[PDB]
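What follows is a set of notes on a single structure, which appears directly below.
Numbers for residues simply follow the sequence, beginning at 1. In what follows, every heavy atom counts, from backbone to side chain, and hydrogens, waters and symmetry copies are set aside.
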Amino acid sequence: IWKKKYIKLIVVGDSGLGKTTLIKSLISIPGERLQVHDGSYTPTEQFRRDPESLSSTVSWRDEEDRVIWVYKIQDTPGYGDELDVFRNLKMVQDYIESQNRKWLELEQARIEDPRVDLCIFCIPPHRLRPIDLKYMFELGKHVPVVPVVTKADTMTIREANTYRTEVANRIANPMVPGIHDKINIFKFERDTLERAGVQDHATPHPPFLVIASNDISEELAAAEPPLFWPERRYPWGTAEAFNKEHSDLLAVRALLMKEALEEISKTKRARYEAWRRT
Ligand SMILES: Nc1nc2c(ncn2[C@@H]2O[C@H](COP(=O)(O)OP(=O)(O)OP(O)(O)=S)[C@@H](O)[C@H]2O)c(=O)[nH]1
Ligand SMILES: [Mg+2]
């Protein structure tokens, strides 16, 4: 009767960029559980000895299509947590490979799908470094990448417009030694981007610029009924994560959690098929 479909995202980036805060905002679709982060750092050892404790899950039903979506977002430690950046890269690459070997062993015997479909690559504000592009390239060889600039409240409007173009340009032309193929960026359809409320910039395929917060408005949480409004309250003013003029966060969630569900699931068999030559 019901058909179950599975999406698994993995989130990667440098340490302290707000990866875990962003994850908790993404899976906290209104109507669901409202999950929040406490600001502590994601330890490398925890990902090694208990990666499931770093996985967030949400599920919902599509009545008309008779589909049960099971959505997982895998958190990872920042690749600045240790001395060697490429140890983190290998750890994440091995995680993706391990999920494929799980699916193969289950398919051999025979269906809870553990495979990774998409990577959210969190980019620091103001400056994109060669190691970020190197990480993005090598990771893209295993899974398509969605670039997201976090902590967008770090940049003025003018800085943000300049950086959005620079990030898009560097991804198309990294100019990093050893990168000789294109970075595997996931291409969303325009109809999908428009339905999600993505603004149509002059720069093609820009990154998303998000603000996320584990703090909520005290005034709005005291409403009847309470309204949950993530905010970042500074002495000079308050940035709002759900404000379309401050943050792409709501557009990112609509894109990844709703509008792009089909085209992410479609490319699943092709990706795994290419992987099988191993
Ligand atoms: N200025 C600003 N700070 C943010 C934003 N999102 C999260 N932060 C802050 O960044 C700090 C770390 O956030 P966190 O989500 O834990 O980063 P992280 O990437 O997961 O850290 P890691 O150790 O696991 S690698 C917290 O103080 C949080 O409040 C944001 O959008 N703007
Ligand atoms: Mg974290």
Side-chain angles (χ1 to χ4, degrees), residues 8-26 37-56 72-102 114-116 118-155 163 166-167 169-171 173-185 207-214 275 278:
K8 181 180 286 188
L9 270 41
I10 192 155
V11 183
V12 307
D14 203 348
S15 307
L17 287 189
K19 296 184 300 301
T20 301
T21 300
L22 171 65
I23 291 176
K24 299 303 172 179
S25 303
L26 288 178
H37 179 43
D38 59 12
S40 59
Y41 80 102
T42 308
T44 295
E45 293 315 299
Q46 191 182 0
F47 185 88
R48 290 199 180 268
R49 66 185 70 177
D50 200 352
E52 299 284 7
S53 79
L54 297 173
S55 177
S56 302
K72 285 192 170 50
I73 302 192
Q74 181 63 60
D75 206 356
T76 66
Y79 52 73
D81 197 30
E82 294 178 340
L83 268 179
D84 186 5
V85 177
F86 297 108
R87 273 180 47 84
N88 177 278
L89 173 61
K90 178 54 160 51
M91 188 181 63
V92 172
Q93 286 173 336
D94 291 342
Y95 178 86
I96 294 171
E97 264 278 335
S98 293
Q99 311 312 300
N100 282 328
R101 297 192 309 272
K102 294 175 187 296
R115 296 171 300 180
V116 185
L118 209 57
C119 170
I120 301 182
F121 192 98
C122 295
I123 295 171
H126 276 130
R127 181 58 163 277
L128 178 68
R129 296 158 301 172
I131 190 63
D132 305 316
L133 293 155
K134 186 72 152 199
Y135 204 105
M136 214 185 297
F137 175 58
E138 300 294 340
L139 203 57
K141 292 170 178 174
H142 300 77
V143 61
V145 167
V146 182
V148 179
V149 183
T150 60
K151 297 184 173 178
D153 53 328
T154 300
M155 301 179 287
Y163 191 58
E166 171 72 8
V167 169
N169 293 334
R170 279 303 292 280
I171 289 175
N173 179 35
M175 293 179 289
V176 173
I179 301 186
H180 301 294
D181 312 321
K182 71 163 157 295
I183 300 179
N184 182 20
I185 301 295
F208 300 92
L209 271 60
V210 300
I211 302 172
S213 172
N214 301 308
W275 169 83
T278 31

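Panel note: side chain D14, backbone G78; no donor-acceptor pair is recorded below 3.5 Å. Side chain of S25 to backbone of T21: a donor-acceptor contact under 3.5 angstrom is found. Formation of a donor-acceptor pair under 3.5 Å by the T150 side chain with backbone atoms of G18 is not found in this model. Judged purely by atom type and a 3.5 angstrom limit, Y95 has no side-chain atom pairing as donor or acceptor with the backbone of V116.
Looking at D81 and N88, their side chains never come closer than 4.5 Å, going by heavy atoms from C-beta outward. In this structure, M175 and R170 have side chains that are in contact, with non-hydrogen atoms separated by less than 4.5 Å. Side chains of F137 and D181 form a contact here, defined as non-hydrogen atoms less than 4.5 Å apart. Counting heavy atoms from C-beta on, the side chains of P144 and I185 never come closer than 4.5 Å. Using a 4.5 Å heavy-atom cutoff, the side chains of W275 and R101 are in contact. Taking the side chain as every heavy atom from C-beta outward, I10 and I120 never approach each other to under 4.5 Å. Contact check for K8 versus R115: no side-chain heavy atoms found under the 4.5 Å cut-off. Side-chain atoms of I123 and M136, non-hydrogen and from C-beta on, do get closer than 4.5 Å to each other.
Interatomic distance, CD of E138 versus CG of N184, reported as 12.0 Å (0.5 Å rounding). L22 CG to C122 SG: the interatomic distance, rounded to the nearest 0.5 Å, is 5.5 Å. Rounding to the nearest 0.5 Å places OH of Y163 at 12.0 Å from CG of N169. Taking CZ from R127 and CG from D132, the interatomic distance works out to 10.0 Å, rounded to the nearest 0.5 Å.
In this structure, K134 and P177 approach most closely via the heavy-atom pair NZ-O, 3.2 Å. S40 and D38 get closest at one heavy-atom pair: OG-OD1, 2.8 Å. Summarising the geometry of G13 relative to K19, their closest heavy-atom pair is N-CD, 3.5 Å, with the distance given to 0.1 Å. Closest approach of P51 to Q74, counting heavy atoms only: O-NE2, 3.0 Å. Pairing each heavy atom of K72 with each of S55, the nearest pair is CD-OG, 4.0 Å. For the residue pair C119 and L139, the shortest heavy atom distance occurs at SG-CD2, 3.5 Å.
Side-chain atoms of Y79 and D84 include no donor-acceptor pair closer than 3.5 Å. Side-chain contact check for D75 and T20: at least one donor-acceptor pair (N or O, by modelled atom type) lies under 3.5 Å. If you check the side chains of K24 and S56, you find a donor sitting under 3.5 Å from an acceptor.
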Step by step, would you call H142 with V92 a side-chain contact (heavy atoms from CB on, under 4.5 Å)? CA-CA 10 Å; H142 300 77; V92 172; over 6 Å; no
Please step through ring-ring contact (aromatic ring centres under 6.0 Å, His included) for the pair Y135 and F86, ending with a clear verdict. CA-CA 8 Å; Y135 204 105; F86 297 108; 8.0 Å; no
### Task
Would you check, one step at a time, whether the test side-chain contact (heavy atoms from CB on, under 4.5 Å) holds for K151 with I211?
CA-CA 5 Å; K151 297 184 173 178; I211 302 172; over 6 Å; no
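The number of heavy atoms from other shown groups lying within 6.0 Å of NZ (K141) is above 12. Crowding of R87 atom CZ: a count of heavy atoms from other residues, nucleotides or ligands under 6.0 Å not exceeding 12.
Checked options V11, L54, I23; the residue passing with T42 is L54 (criterion: side-chain contact (heavy atoms from CB on, under 4.5 Å)).
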